[PDB]
Amino acid sequence: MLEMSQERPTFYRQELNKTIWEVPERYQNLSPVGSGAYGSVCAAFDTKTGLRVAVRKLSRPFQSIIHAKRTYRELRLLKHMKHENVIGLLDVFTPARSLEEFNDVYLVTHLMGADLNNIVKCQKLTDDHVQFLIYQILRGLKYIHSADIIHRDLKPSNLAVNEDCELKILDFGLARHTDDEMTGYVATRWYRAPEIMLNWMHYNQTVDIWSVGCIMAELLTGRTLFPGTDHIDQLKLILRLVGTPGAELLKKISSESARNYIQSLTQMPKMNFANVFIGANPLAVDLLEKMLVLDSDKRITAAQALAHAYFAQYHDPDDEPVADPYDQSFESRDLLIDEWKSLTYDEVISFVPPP
């Protein structure tokens, strides 16, 4: 009645685009799909679930302490998430039969074709389509935030949408966003809260609410809310909308130079959001206000947003689950490469697939 043995499937070996792919035979007809510095990816047919899946062979997962710790951190997150608005892990394997021969990590996920950009390129979304997506984003973030994970890079390129307008969040909780350049007229930095983009204070899950506020506004108007040609420009665009900070917010900011800078800016009142988003549903404008609050301590939570009147057609407290606890002790801990490799191997071998 209890399992003793992990029975090991049969793997087959092949070369596609000068990339060795050794995988279980359950994965057939692999198609090269692309190669970034985050792994090579193949489309594949999973004969056990009937789904079509993305197989991802990590690239150089253990080449430095930083990168070893990134491989583990990502694998830990993917394993933990079990919510239909969050990319789950459906399988993770390696050809290695022991930690000594262990080198490669493959990650199996739902093949998720289109992202929120591609969706907006092809249609003008109806009002109900927009509402439904903000709901799902907030629903998956409620989950994420329940387990004390901060997405840290929530933006349209990190949301996958299917034909029935069903949404999953991608790429949450990782250190990789620091590898993109955030200088100039760049989309990555356009969705970030001012406090992390100028490192006024340290991260906070409220940082992600700022992001969904920026996406919602883009989904209602079709325009980027804050397309700043640089940090300072983006900050000015922000303060114009939400108003210069007050005393309670300025003392929360640790750098003495940054408060001198803010108080050098000409003080401005907050703008009237009804005159900024002409034509929008008043309930949508009301909720935007509560997401776009300069002081993160006063931003709305995802759990509060779901209960806001804008979502009355979709809100149901009995279908908005929270996650199990996510132990992140390991983030403060100082290990060697080989030790991070061993903990990654241990989670690879201990993976339990979904029922």
# chains A, B, ... in the order shown; residues from 1 in each chain; ligands from 1
>>> residues_around(residues="range 138-145 of chain A", least_positions_apart="2", cutoff="10 Å", atoms="only C-alpha atoms", output="MDAnalysis selection string")
chainID A and resid 77 80:87 133:136 147:151 154 167:169 172:173 204:206 208:209 212 301:306 315 319:324 326
>>> select_by_dssp(residues="range 83-317 of chain A", states="strand (DSSP E or B)", output="PyMOL selection string")
chain A and resi 86+91-93+106-110+114-115+159-161+167-169
>>> residues_around(residues="range 249-257 of chain A", least_positions_apart="5", cutoff="7 Å", atoms="only C-alpha atoms", output="VMD selection string")
chain A and resid 200 to 201 295
>>> closest_residue(among="A:8, A:67, A:26, A:259", to="residue 95 in chain A", atoms="only C-alpha atoms")
A:8
>>> residues_around(residues="residue 283 in chain A", least_positions_apart="3", cutoff="12 Å", atoms="only C-alpha atoms", output="list in words")
residues 131, 273, 274, 277, 279, 280, 286, 287, 288, 289, 290, 305, 308, 309, 310, 311 and 312 of chain A
>>> closest_residue(among="A:216, A:187, A:65, A:198", to="residue 291 in chain A", atoms="only C-alpha atoms")
A:216
>>> select_by_dssp(residues="range 58-184 of chain A", states="helix (DSSP H, G or I)", output="ChimeraX atom specification")
/A:65-80,116-122,127-146,156-158,176-179
>>> closest_residue(among="A:13, A:38, A:293, A:52", to="residue 171 in chain A", atoms="only C-alpha atoms")
A:38
>>> closest_atom_pairs(of="range 87-145 of chain A", to="range 14-22 of chain A", cutoff="12 Å", atoms="only C-alpha atoms", output="CSV")
residue,atom,partner,partner_atom,distance
A:93,CA,A:22,CA,10.0
A:94,CA,A:22,CA,8.3
A:95,CA,A:22,CA,6.7
A:96,CA,A:22,CA,10.2
A:103,CA,A:22,CA,11.8
A:104,CA,A:22,CA,9.4
A:105,CA,A:22,CA,10.4
A:106,CA,A:22,CA,9.2
>>> write_last_selection(atoms="N, CA and C atoms", output="PDB file, in the first residue's frame")
ATOM      1  N   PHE A  93      12.578  15.947 -14.774  1.00  0.00           N
ATOM      2  CA  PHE A  93      13.377  14.727 -14.790  1.00  0.00           C
ATOM      3  C   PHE A  93      14.845  15.043 -15.052  1.00  0.00           C
ATOM      4  N   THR A  94      15.668  13.996 -14.989  1.00  0.00           N
ATOM      5  CA  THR A  94      17.064  14.015 -15.404  1.00  0.00           C
ATOM      6  C   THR A  94      17.438  12.611 -15.813  1.00  0.00           C
ATOM      7  N   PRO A  95      18.370  12.455 -16.756  1.00  0.00           N
ATOM      8  CA  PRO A  95      18.851  11.105 -17.111  1.00  0.00           C
ATOM      9  C   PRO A  95      19.716  10.469 -16.044  1.00  0.00           C
ATOM     10  N   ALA A  96      20.124  11.222 -15.032  1.00  0.00           N
ATOM     11  CA  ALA A  96      21.074  10.706 -14.063  1.00  0.00           C
ATOM     12  C   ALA A  96      20.420   9.702 -13.116  1.00  0.00           C
ATOM     13  N   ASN A 103      23.874  16.046 -14.224  1.00  0.00           N
ATOM     14  CA  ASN A 103      24.272  17.285 -14.903  1.00  0.00           C
ATOM     15  C   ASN A 103      23.103  18.105 -15.431  1.00  0.00           C
ATOM     16  N   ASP A 104      22.072  17.467 -15.978  1.00  0.00           N
ATOM     17  CA  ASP A 104      21.022  18.182 -16.687  1.00  0.00           C
ATOM     18  C   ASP A 104      19.705  18.129 -15.937  1.00  0.00           C
ATOM     19  N   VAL A 105      18.936  19.198 -16.095  1.00  0.00           N
ATOM     20  CA  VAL A 105      17.586  19.291 -15.577  1.00  0.00           C
ATOM     21  C   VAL A 105      16.664  19.635 -16.732  1.00  0.00           C
ATOM     22  N   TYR A 106      15.643  18.823 -16.932  1.00  0.00           N
ATOM     23  CA  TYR A 106      14.588  19.148 -17.871  1.00  0.00           C
ATOM     24  C   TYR A 106      13.335  19.493 -17.079  1.00  0.00           C
TER      25      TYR A 106
END
>>> closest_residue(among="A:227, A:282, A:245, A:34", to="residue 265 in chain A", atoms="only C-alpha atoms")
A:245
>>> atom_distance(atom1="CA of residue 348 in chain A", atom2="CA of residue 325 in chain A")
19.7 Å
>>> residues_around(residues="residue 351 in chain A", least_positions_apart="3", cutoff="8 Å", atoms="only C-alpha atoms", output="list in words")
residues 79, 91, 92, 347 and 348 of chain A
>>> write_last_selection(atoms="N, CA, C and O atoms", output="short mmCIF file (atom, residue, chain, number, x, y, z; two decimals), in the first residue's frame")
data_model
loop_
_atom_site.label_atom_id
_atom_site.label_comp_id
_atom_site.auth_asym_id
_atom_site.auth_seq_id
_atom_site.Cartn_x
_atom_site.Cartn_y
_atom_site.Cartn_z
N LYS A 79 7.64 23.72 -8.30
CA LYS A 79 7.04 22.60 -7.59
C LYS A 79 5.91 23.05 -6.68
O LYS A 79 4.87 22.39 -6.59
N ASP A 91 6.01 18.02 -14.81
CA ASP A 91 7.03 16.98 -14.62
C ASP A 91 8.41 17.63 -14.64
O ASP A 91 8.61 18.67 -15.28
N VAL A 92 9.35 17.00 -13.93
CA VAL A 92 10.77 17.38 -13.95
C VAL A 92 11.59 16.09 -13.89
O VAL A 92 11.32 15.24 -13.03
N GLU A 347 15.27 17.35 -5.02
CA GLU A 347 13.91 17.73 -5.39
C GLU A 347 13.50 17.16 -6.74
O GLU A 347 12.33 16.84 -6.95
N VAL A 348 14.46 17.03 -7.65
CA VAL A 348 14.19 16.38 -8.93
C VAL A 348 13.71 14.95 -8.71
O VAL A 348 12.70 14.52 -9.28
#
>>> closest_residue(among="A:30, A:165, A:1, A:174", to="residue 74 in chain A", atoms="only C-alpha atoms")
A:174
>>> residues_around(residues="residue 344 in chain A", least_positions_apart="2", cutoff="9 Å", atoms="only C-alpha atoms", output="PyMOL selection string")
chain A and resi 68-69+71-73+75-76+339-342+346-349
>>> atom_distance(atom1="CA of residue 155 in chain A", atom2="CA of residue 170 in chain A")
9.4 Å
>>> residues_around(residues="range 108-125 of chain A", least_positions_apart="3", cutoff="7 Å", atoms="only C-alpha atoms", output="VMD selection string")
chain A and resid 52 to 56 88 to 92 129 to 130 156 to 162
